[PDB]
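Numbering (PDB author numbering), first residue to last: 580 to 637.
Where a beta carbon is used, it is the ideal one built from N, C-alpha and C, also for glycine.
First the structure, in the form of structure tokens, and then the observations on it.
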DNA sequence: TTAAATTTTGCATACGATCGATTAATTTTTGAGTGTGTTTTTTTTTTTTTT
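So this is what it looks like as structure tokens:
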């Protein structure tokens, strides 16, 4: 989520998994990536969905 | 010595040259009337993301 320069409103931004909605996401050097950065993708890799609750946006 | 022909000179007069009085276009102004734009943004605080 991010704040737009026009009207300062909180709007969503698509991540890497949003751009692979019917495709393949590919991770190189998976072990050396941080645990917070490794395993933030549980809901996309299990529920096939991204549930977001931040900045008044669900 | 005296009378007629002739050409000159003064004067009146009519016609053009030129300035002046008047006057009609014109075109610039004449502000008068009318349409219209206008305050003004402002750091401060929250939340998030990366560092």
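Worksheet entry | Contact check, residue 591 vs residue 620, beta carbons under 8 Å | Taking the first residue of the first chain as position 1, residue 591 is located at position 12. Taking the first residue of the first chain as position 1, residue 620 is located at position 41. For residue 591 and residue 620, no; Cβs fall outside 8 Å.
Worksheet item: Which two residues bound the contiguous alpha helix (DSSP H) that contains residue 623?
Response: Translated into positions along the first chain, residue 623 becomes position 44. Its alpha helix (DSSP H) spans residues 621 to 625.
Item to complete: Note down the Cα distance separating residue 607 from residue 617, rounded to an integer number of angstroms.
Response: To locate residue 607, count along the first chain from 1; it is residue 28. To locate residue 617, count along the first chain from 1; it is residue 38. Going by the C-alpha atoms only, they are around 11 Å apart.
Discussion item. Taking the alpha helix (DSSP H) that residue 616 belongs to, which residues open and close that run?
Written reply: In the first chain, counting from the first residue as 1, residue 616 sits at position 37. It spans 614 to 617 - the alpha helix (DSSP H) in which residue 616 sits, taken as one unbroken run.
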